[PDB]
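**Student:** Experimental coordinates for this protein are included below, preceded by the sequence.
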Amino acid sequence: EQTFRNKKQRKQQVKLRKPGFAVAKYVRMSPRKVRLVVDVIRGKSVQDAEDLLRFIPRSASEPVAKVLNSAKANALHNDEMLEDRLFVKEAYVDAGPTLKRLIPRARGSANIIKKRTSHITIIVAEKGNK
Amino acid sequence: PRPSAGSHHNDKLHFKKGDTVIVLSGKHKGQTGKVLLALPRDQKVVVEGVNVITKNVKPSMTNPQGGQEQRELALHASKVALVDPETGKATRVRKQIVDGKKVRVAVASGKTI
Amino acid sequence: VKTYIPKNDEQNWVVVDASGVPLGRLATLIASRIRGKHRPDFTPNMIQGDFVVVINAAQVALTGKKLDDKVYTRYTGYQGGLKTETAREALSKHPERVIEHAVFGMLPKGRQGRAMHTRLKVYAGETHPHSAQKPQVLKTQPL
Amino acid sequence: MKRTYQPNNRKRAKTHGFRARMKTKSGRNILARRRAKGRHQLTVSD
Amino acid sequence: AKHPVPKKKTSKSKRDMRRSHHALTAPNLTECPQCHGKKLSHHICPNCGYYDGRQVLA
RNA sequence: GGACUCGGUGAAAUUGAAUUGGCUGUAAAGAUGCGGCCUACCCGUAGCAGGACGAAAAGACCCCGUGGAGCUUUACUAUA
RNA sequence: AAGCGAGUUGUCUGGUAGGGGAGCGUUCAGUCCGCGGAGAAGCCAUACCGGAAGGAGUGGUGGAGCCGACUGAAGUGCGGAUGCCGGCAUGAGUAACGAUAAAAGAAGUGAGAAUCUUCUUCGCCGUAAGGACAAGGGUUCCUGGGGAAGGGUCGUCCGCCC
RNA sequence: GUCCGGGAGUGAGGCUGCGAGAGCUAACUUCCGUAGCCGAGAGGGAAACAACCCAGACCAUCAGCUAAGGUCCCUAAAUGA
RNA sequence: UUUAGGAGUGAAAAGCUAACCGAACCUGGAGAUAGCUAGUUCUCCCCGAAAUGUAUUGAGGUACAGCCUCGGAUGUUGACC
RNA sequence: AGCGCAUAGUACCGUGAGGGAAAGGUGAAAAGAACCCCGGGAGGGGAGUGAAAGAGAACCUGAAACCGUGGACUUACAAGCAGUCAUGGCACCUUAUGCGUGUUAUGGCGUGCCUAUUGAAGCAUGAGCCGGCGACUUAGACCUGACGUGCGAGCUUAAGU
């Protein structure tokens, strides 16, 4: 029983923007491997999320986790929520703008590659428990 | 480009410098249109109609302040023009005295200035 | 009003005898239970059997003049030397490792009987080592 | 080694370079065979 | 020179049961000698920098 | 020095679709989804070739085609 | 006022080249009183009917129109033509980073620094992989500056970009 | 029983019966005609499987019987005389 | 730097003219035309086949006739007994 | 889509005359935006702007193979690309009405479509998918013929007004 009639509202009157949001795009590591460092953090943010992703014998915290809390930088007090709260329901990503580049190979007629890219997606808004 | 203007209104509206009018079209209806220079060939106009809010920064230039008054928007003419009174009777009629630069006499219920 | 699967609940099998092998209702009385003996509410489709408590049946002996002879085979796809058709009293080092393999004609095809291979489970020693399965000891002589 | 062409275009000046289709009158129309004949610019001044 | 091309593929169905025979070993075992909690597989802080005695530095 | 620990990049030839074991048989007879039977706890990666009638251009060896081109001979004949 | 059948008996067979025959609907056009702001047209889904194709009940969302019966017109309808482009692909994260002609580090910096910078130690060429003239690229060289992207890691280095 | 016409097809089949032809009466080789069959429709029997015994359908009913095939089981049906 | 296209070069291979010359490329003449062959789009109600003969520099090419549908028709002429 | 050009026949392909893209769209109007955060920045917060910012400073609505997660349910001891029904099995009950919605161990068994094929179900071939193009017609007294109509003594071209 929120709203329905008058469809010029939800166009004019609505305030806010979109609670959450932090996705820096690009990513540069396939919409298949993004999830690989998000499908482990099904709990406790930069609490038992960080070090779980900060300390992990490789390179996957820089622009993986450092952007994953860019939401918090906005959740500082530009975005809703708290500190001793926060959730992130699940996780999902996609592709994005690339750029034809290549570097010839050998045999055949022509070699055809793609630099490939993604879209990180980082949100912390509509919650549950308190 | 930022499509606003209202240059699809066609340049033949007569207006110049120095004049007292009212408004319509909505949003206000409480705003005595006046003064201004107008811009033939794409025209900008705001008058005290819409009270914008458009904070400029504050470098080290000279501006440091902000503002919140006097700034662009849209909506050209087409509101409530002419008539010292308020409504009815056009005005584009002109004395056989040449001087198109500012011909003065209007319709029946018209004014000569 | 149909059937229902108890999913192991309503069962009451009767311990086999091996009280003297026969020559006609041997490799076929393998049914008369597994498929539906008396049938309390035997639900077709999925499997449904009971503890065929087989016994010794070392008493086994086959037919007469055509004893040490049968379609033994092995199947592997090669005919050079496979398919050892070791006669009865030649393969006579097992005979508790075949025999039971007489239910190779009664399986609803597909899975089913490829699951009833539990009730079988060796057995040829004349009641002792009943540690294989303790539960039933219902007997009931065979007709 | 030698390719199939290499720089230095003298035979595309006073022969087949802009004004060298008068020496061959029926080449003038050939010069005019992609300017006053159909669309497009030319091919000697990019 | 080309050796039997791809032809048949392996999209879904499979390519699923392939994140289990490896995955990641799953950890969270120990939590440092005394103060706070780091430790690794037998290896001193950088916090207090120690397994039980003097080492590393804040 | 490559095959294995780790960070980034990762394409092409190709291709209906895989709960993709086998026999012996059957089928326009070279069957793994067919027959009848036996059989495996499911998955990952290293490595190997029997395997899909392996891949590529719809054999160009050949024949069919009142197809072409190419050379020769006193082939019918033009012709400097 | 454009032709239509129960009552019934055989046929109502299944049909590949085919004969007679009905339509669903989109675009163009007729008549537009029109249908839509509670908003239709764009689209996502719910067991009414239809010979099939399809027509139906409602929101969702979306933003300005849209189709109708009687009608004629139109490049009127395969996913499928080893087609063509545009995008997603999978071979799959393996093979591979390039001629296998050694490198460690102090320190500058700062966002952390292993490949920059001030530098002691090592080694490969040095009829060379030196420097000038020849063709070429035209912006290489600098005062230097920033990662979006490129240099097939990337980087605070470029002769990227100003 | 009875012709004129708008327009087909694509010409290169297979098998059992009927008999020969080339033929160690051999060949889902090859020639022929004559019923059927598959090129244009499914099954039981036949292990499943184009011509073989029975049978070619309007869509719907977990209603009946006939022929083949079967009357021990895996999946029907008297180890009845 | 002239030679060039149906010519030159040439150590003769029948090699090359610019990564294939059994006679260069590009704009142009026609799409070489095609009985070859891939295909030729939504959903249907009742009917229905030939690889037999004649023709062919003619054969899985094509023509026609028995062989299908439809308009008209054939007032006793049907096939079985 | 339409000429390739709705501001490009850019760069160019390159041995040479000679061959060339792909690509449009925010609302009327940008008002394309001051003000504290992680960060190098790109990218993301507050809040006005915005009638309407799930237009959104590579921008209408925005269906889809591939691709992103969870969940009500089943599943590794069960075997066939797939199938349809079949008793069960957890869920739901937009009408207690032992009646169904989202489904599956398993059973009968059962082999794909296109489509040049006598002929198969094939391993005979064509096919990873998405979006479109998707052809015997168009002018021609070229002609024959169904139906409706004009007439029985019948019907018209050239353009002149």
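**Tutor:** Nice, thanks for sending it over. Numbers count the residues shown, from 1 in each chain, chains lettered A, B, ... in the order given.
**Student:** Return the residue of chain B that is most distant from the centre.
**Tutor:** Taking C-alpha atoms, centre = their mean, the residue of chain B most remote from its mean C-alpha position is residue B:60, at 34.7 Å.
**Student:** Contact partners for residue A:128?
**Tutor:** residue A:87 (C-beta atoms under 8 Å, 6 or more residues apart in numbering or on different chains). The way it works is simple: take the backbone N, C-alpha and C, and place the C-beta from them, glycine included.
**Student:** which bits of chain A sit near RNA strand I?
**Tutor:** Applying C-beta under 7 Å from any atom of the strand, we find that chain A lies next to RNA strand I at no residue.
**Student:** Now chain A against RNA strand I: closest residue?
**Tutor:** residue A:109 (10.2 Å; C-beta to the nearest atom of the strand).
**Student:** same deal with chain D?
**Tutor:** Closest point on chain D to RNA strand I, by C-beta to the nearest atom of the strand, is residue D:4, at 2.3 Å.
**Student:** How many residues are close by residue A:49?
**Tutor:** The number of residues packed near residue A:49 is 21, by other C-beta atoms under 10 Å in any protein chain shown.
**Student:** tell me the contacts of it?
**Tutor:** With C-beta under 8 Å, 6+ apart, residue A:49 has these contacts: A:41, A:43, A:65.
**Student:** How many residues are close by residue 58?
**Tutor:** Answering for chain A, as no chain was given. Neighbour tally, residue A:58, other C-beta under 10 Å: 6.
**Student:** not what I meant, chain E
**Tutor:** Neighbour tally, residue E:58, other C-beta under 10 Å: 7.
**Student:** Pull the residues that contact stretch A:53-71.
**Tutor:** A:20-24, A:27, A:37, A:40-41, A:46, A:49-50, A:79, A:120, A:122-124, E:38.
**Student:** Pull out the buried members of the residues you listed.
**Tutor:** A:20-23, A:27, A:37, A:41, A:46, A:49-50, A:79, A:120, A:122-124, E:38 (16 or more other C-beta atoms under 10 Å in any protein chain shown).
**Student:** Taking these together, which two end up most distant?
**Tutor:** A:21 and E:38 (32.5 Å; C-beta to C-beta).
**Student:** that older thread, can I get the contacts of residue A:49 in JSON lines with secondary structure?
**Tutor:** JSON lines is the format used below for the contacts of residue A:49 (DSSP: H, G, I helix; E, B strand; the rest coil):
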{"residue": "A:41", "secondary structure": "coil"}
{"residue": "A:43", "secondary structure": "coil"}
{"residue": "A:65", "secondary structure": "coil"}
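**Student:** From those residues, pick the one nearest RNA strand F.
**Tutor:** For the contacts of residue A:49, the nearest to RNA strand F is residue A:65 (12.8 Å; C-beta to the nearest atom of the strand).
**Student:** Share the number of residues neighbouring the residue in chain A that RNA strand J sits nearest to, please.
**Tutor:** Of all residues in chain A, residue A:11 sits closest to RNA strand J, at 1.4 Å by C-beta to the nearest atom of the strand. Counted with other C-beta under 10 Å, residues neighbouring residue A:11 total 8.
**Student:** what about it, is that helix, strand or coil?
**Tutor:** Taking three-state DSSP, the label given to residue A:11 is coil.
**Student:** Residue B:34 reaches residue B:47, doesn't it?
**Tutor:** Yes - counting by C-beta atoms under 8 Å, residue B:47 is a contact partner of residue B:34 at 6.9 Å.
**Student:** These two: which is more packed in?
**Tutor:** Neighbour count, other C-beta under 10 Å: between residue B:34 and residue B:47, residue B:47 has more, with 16 against 12.
**Student:** what's near enough to touch that one?
**Tutor:** Contacts of residue B:47 (C-beta under 8 Å, 6+ apart): B:23, B:31, B:33, B:34, B:35, B:36.
**Student:** which residues of chain D fall in helices?
**Tutor:** D:25-31 (DSSP state H).
**Student:** Near RNA strand I, which residues of it are found?
**Tutor:** So chain D meets RNA strand I at D:3, D:4, D:5, D:8, D:10, D:11, D:15 (C-beta under 7 Å from any atom of the strand).
**Student:** burial of the nearest residue to the last one once chain neighbours are set aside, as a residue count?
**Tutor:** On the basis of C-beta to C-beta, 6 or more residues apart in numbering or on different chains, the spatially nearest residue to residue D:15 that is not a chain neighbour turns out to be residue D:23, at 7.8 Å. With neighbours defined by other C-beta under 10 Å, the count for residue D:23 comes to 10.
**Student:** Torsion angles phi and psi at residue D:23?
**Tutor:** phi -60, psi -30 (degrees, to the nearest 10).
**Student:** Identify the residue nearest residue A:107 in space, chain neighbours excluded?
**Tutor:** Nearest to residue A:107 is residue E:1, by C-beta to C-beta, 6+ apart, at 7.8 Å.
**Student:** do the same with residue C:76
**Tutor:** Residue C:76 sits nearest to residue C:82 (C-beta to C-beta, 6+ apart), 5.0 Å away.
**Student:** ok, that neighbour touching residue C:72?
**Tutor:** No - using C-beta under 8 Å, residue C:82 makes no contact with residue C:72, being 11.3 Å away.
**Student:** Which one's more surrounded, those two?
**Tutor:** The residue with more neighbours, out of residue C:82 and residue C:72, is residue C:72; 14 against 11, by other C-beta under 10 Å.
**Student:** Right, I'll leave it there.
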